[PDB]
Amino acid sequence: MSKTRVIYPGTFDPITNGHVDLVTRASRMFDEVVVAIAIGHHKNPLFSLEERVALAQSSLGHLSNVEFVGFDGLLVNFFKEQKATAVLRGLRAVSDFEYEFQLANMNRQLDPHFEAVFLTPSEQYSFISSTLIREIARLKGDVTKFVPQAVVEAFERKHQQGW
């Protein structure tokens, strides 16, 4: 045995109902889940690290075995620092599957202890992505069905402060 610790890395820009489903599903199967929010220096997110962590803590903080940490650099160095059992990713489409397969094999070559496990989304979240949500919010669409209420309000406060 040992305590199991899975990292769920992502930009979470912002967190969606799909991410919440995956982290809830993962929190039942592993002892510790780490929502790892990739800072994105030369990468350019709409929401800051602080907004993204806060939105994630607001949707998932009710789960006792879930932590929230920002990271940058090589996912495999973060994996080693965190003493993780595995990385978790969701697979929504064929393009995700092919990229994820390539990355899992590259990461296994950089660190032979590396491991990646995948979840498939429930069909009610299969069409939701952060990118599409950003696009709908920008064009003044209602994203309430796809994201937690706190994210809806953050899109309004992003508007109010400019946008």
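Rigid core: the largest C-alpha set superposing within 1.5 Å between the two forms. Residue indices: 1-based, along the sequence shown.
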Superposing the other structures by the rigid core, the farther-displaced stretch by RMS over CA atoms in 6 other deposited structures of this protein, of 73 to 81 and 87 to 95, is 87 to 95
Core-fitted comparison in 6 other deposited structures of this protein, 64 to 72 vs 39 to 47, farther C-alphas: 39 to 47
Mean Cα B factor from the PDB record: higher for 124 to 132, or higher for 40 to 48? 40 to 48
Averaging the C-alpha B factors as listed in the entry, name the stretch that ends up higher: 11 to 19 or 138 to 146. 138 to 146
Third assignment of residue 107 from its chain's C-alpha B-factors: lowest
CA B-factor placement of residue 115, once the chain's modelled residues are sorted into thirds: lowest
Third of the chain's Cα B-factor distribution that residue 93 belongs to, per the entry: highest
Where the record places residue 76 (Cα B-factor, split into thirds across the chain): middle
